[PDB]
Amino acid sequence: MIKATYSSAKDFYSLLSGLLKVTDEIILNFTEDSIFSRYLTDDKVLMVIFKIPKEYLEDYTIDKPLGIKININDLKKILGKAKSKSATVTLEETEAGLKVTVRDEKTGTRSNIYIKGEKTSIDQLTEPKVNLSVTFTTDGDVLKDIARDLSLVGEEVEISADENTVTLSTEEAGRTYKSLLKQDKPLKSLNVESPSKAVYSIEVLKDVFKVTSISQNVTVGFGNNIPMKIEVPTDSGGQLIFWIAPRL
């Protein structure tokens, strides 16, 4: 059987809420290097990835790689029991499915739940392999504000970056929007290998940016007409990844 312990129930629950269009069912993949879920929307525009590197997994006992399909709702029900931020989640494999356990050393309490799961072949992380010419890090609250901005105007979002400035532009029926992200305002870091520019669906971008608000260190990368990568880390190590295909 497979065992796994994560140092935070709150963060684990925050990552799951980030899954856009979950379908109420996910396939948790247990591998030697990480536990992860890999979802791709029907339009194939957005890829959602939930990932927890082994580096952040305690007492991780992995015999053979396994993928278990479960109801994400049942998984959320048990995570909700966590009252403190010092809570801990433990995933144990069973014949019927999963055994999720939430214990907190503080009040020395525990909570069990036997989720009916259908195990199957393991999925692989087939992420776009490309050189991200431009990367920057910002608090998710900023991206959420810009999401609100884009809500007022725009059909497509053109994001570009010169030597040290990132710009987001949209147009719609005469109206216009254009924000400027520089370092220390608000960007915590900005790395430009070369002037790059690309266009993404304002609808998808909006939905994603709203979710990144769960992190203070969101990393965004992109390049000339290549998919955009959005990393949403947590203090406990858990991480959401979003890949957004460009409009060409």
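Residue numbers here begin at 1 and follow the sequence given.
80-88 and 152-160 differ in mean CA B-factor, and the higher of the two is recorded for 80-88. Averaged over their C-alpha atoms, the temperature factors of 194-202 and 61-69 are higher for 61-69. Among 2, 241, 244, 248, the highest C-alpha B-factor in the deposited entry belongs to 2. Going by the entry's values, 105 shows the largest Cα B-factor out of 105, 127, 171, 141.
Placement of the Cα temperature factor of residue 131 within the chain: middle third of the modelled residues, per the deposited record.
Per the deposited record, the Cα B-factor of residue 230 falls in the lowest third when ranked against the other modelled residues of its chain. Residue 137 sits in the lowest third of its chain by CA B factor, as recorded in the PDB entry. In the deposited entry, the Cα temperature factor of residue 165 places it in the middle third of its chain's modelled residues. Among the modelled residues of its chain, residue 26 has a C-alpha B-factor that falls in the highest third according to the deposited record.
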